[PDB]
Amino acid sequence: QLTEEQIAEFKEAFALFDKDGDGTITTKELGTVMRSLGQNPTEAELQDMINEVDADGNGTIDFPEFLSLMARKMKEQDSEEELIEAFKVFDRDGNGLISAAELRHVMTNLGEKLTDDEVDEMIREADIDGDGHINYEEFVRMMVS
């Protein structure tokens, strides 16, 4: 599951939030960290964040709860990573929109020599805002479906 070095790294991350070293992260402590990073959530917002991680409902996050998170977040991060990178490759000019011309060039590079009407159908299927291009959200929604 985890090496001793992985555990030590995630103990150091936990310690950032567990200000007082009691083995738990409270809403106040999460707020202190958030504030240090430029965001000033309310108590209600902090409670929602704790509730999302607090598997036993005792009101605080312990080390085991924080390991189970962080392994959920990191996997989400690695998926994300990928869809991203792909996307930036299809988006040949980097403007945040995959055009029909871009999609055609990268499909040819993937071995598929497509017509304009084939690529336009691919975009129409995925296009939500109707601009005839694919943005990242459209791209993700179509990949994960």
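Note that residue numbering follows the sequence shown and begins at 1.
Student: Look up the CA B-factors in the entry and say which stretch, 80-88 or 113-121, has the higher mean.
Tutor: Between 80-88 and 113-121, it is 80-88 that shows the higher mean C-alpha B-factor.
Student: Of the two stretches 58-66 and 91-99, which shows the higher Cα B-factor on average in the entry?
Tutor: Per the PDB entry, the higher value belongs to 91-99.
Student: Within this chain's modelled residues, let me know which third the CA B factor of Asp129 belongs to: lowest, middle or highest.
Tutor: CA B-factor rank for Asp129: highest third.
Student: Going by the CA temperature factor in the PDB record, which third of the chain does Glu29 belong to: lowest, middle or highest?
Tutor: According to the entry, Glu29 has a C-alpha B-factor in the chain's lowest third.
Student: Tell me, lowest, middle or highest third: where does the Cα B factor of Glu12 rank within its chain?
Tutor: For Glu12, the deposited C-alpha B-factor lands in the middle third.
Student: Rank-wise, by C-alpha B-factor, drop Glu45 into the lowest, middle or highest third of its chain.
Tutor: CA B-factor rank for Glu45: lowest third.
Student: Would you mind ranking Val53 by its C-alpha B-factor against the rest of the chain and naming the third, lowest, middle or highest?
Tutor: Its C-alpha B-factor, which the entry lists for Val53, ranks in the lowest third among residues of this chain.
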